[PDB]
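Before any questions on binding or motion, here is one chain by itself as structure tokens, the form deposited in one PDB entry.
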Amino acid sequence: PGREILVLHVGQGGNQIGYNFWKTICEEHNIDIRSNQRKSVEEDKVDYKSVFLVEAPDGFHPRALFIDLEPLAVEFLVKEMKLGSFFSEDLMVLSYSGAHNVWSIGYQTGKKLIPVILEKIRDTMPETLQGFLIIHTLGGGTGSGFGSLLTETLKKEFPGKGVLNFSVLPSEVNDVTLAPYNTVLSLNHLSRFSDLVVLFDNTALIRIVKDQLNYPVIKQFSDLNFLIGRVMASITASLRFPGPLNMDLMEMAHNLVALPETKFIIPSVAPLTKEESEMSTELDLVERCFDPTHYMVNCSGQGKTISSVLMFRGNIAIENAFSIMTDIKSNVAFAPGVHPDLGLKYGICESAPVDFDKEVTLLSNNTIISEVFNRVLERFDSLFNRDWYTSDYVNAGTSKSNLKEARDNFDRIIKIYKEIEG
């Protein structure tokens, strides 16, 4: 026993992403998410289901909690997707009042539910648990504020376990006017308490779906969130399936985090379709991952890579994975201090994602984060310098001085990334 992970889904976005993640995990392990059972003995593959799944005598269950301050997002999701016996009631921590898109309300109100969450965690977590994944959006109030609270709480309550965040940044035009406040407060909290923050934003995700998958229409968030689930599944694949070169959560974090503050990560995956997986080389897929068209954060260019983790899944030619490394280092811009021989961390897993021949997933610690974060900061300053929208932060325990303190720490992180850029 060991390597187990517990996933916390927080707020509307975090729980809706949870559906796609758990659907992917069950499919990869040939588990029927509706019966809780293996689909068959004959197609049961050699694997390690316990990373994300709890096997009980009756069947398999997610090692997850589904957390929100209002019940509708989760309840509607469970009904629509017929998840009632997988996203079961004993895994739900739901209130009634909502955070009303204010980080401070999510943080304060979430405090009331922390005892229940800790009891549920301590009720079912194996002692060998390797860490926690927190899935949330940063632009709303619950994912941002309650998710920040949970990041702080778990790091304090379970020292020695990893705390990783999968966090959705606001779109290029924000669809929550309060998002700059919520995003700065969240990123400040995660800089203090998270071990690694993997970032996404909907502008990039929509671009990928429309331009790489060519979906005719996006009618539900399930036709966006599958990309986040794919990253979460693929970067943990070598914990769950055989392969030549496996890596765990903190192994990946240690290879990425050059300085303690540089823990904000941009993910990408290639290819996006089965047809492309059958007509691509390892070199082509890695080049796609390092191209801004495939970044799941909206970026103006390639930036400068400080450090990267690449997971090769499936029908991978190991000699190609290694021989292209000089090409990667020559064709991709790395930060000035990165030695020509350094900056790459490899995992290789024999299991391809569903019906694909092969797939590459990239986690990049890239100086371009400074540009992404500077834009958030500019949005923040446009509100804060006018004292707009501050009242309900102040009324919920975040003073105007506190907002400024969070902004100034956020700026310090931006400047660290910019300094590494040269």
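We call the rigid core the largest set of C-alpha positions that still match within 1.5 Å between the two forms. From 1 onward, residues are counted along the sequence shown.
Beyond the structure shown, there is the form deposited in another entry, which is absent from this document and is the topic of what follows.
Asker: So which residue among 276, 195, 251, 152 shifts its CA at least 2 Å between this form and the one not shown once the core is superposed?
Answerer: Single hit from the list, 276.
Asker: Quick check: residue 285 between this form and the one not shown - does its CA shift reach 2 Å or more after fitting the rigid core?
Answerer: The answer is yes; the displacement is at least 2 Å.
Asker: Has the Cα of residue 384 moved 2 Å or more between this form and the one not shown, judged after a core fit?
Answerer: It does not reach a 2 Å shift.
Asker: Against the rigid core, is the Cα displacement of residue 55 between this form and the one not shown at least 2 Å?
Answerer: No; that C-alpha moves by less than 2 Å between this form and the one not shown.
Asker: Where do residue 168 and residue 238 end up in the other entry, Cα atoms closer or farther than shown, with a change of 3 Å or more?
Answerer: It is closer: in the other entry, the C-alpha atoms of residue 168 and residue 238 lie at least 3 Å nearer than they do here.
Asker: Taking the shown form as the reference, report whether the CA atoms of residue 238 and residue 166 lie closer or farther apart in the other entry; the distance changes by 3 angstroms or more.
Answerer: Closer in the other entry, by 3 Å or more.
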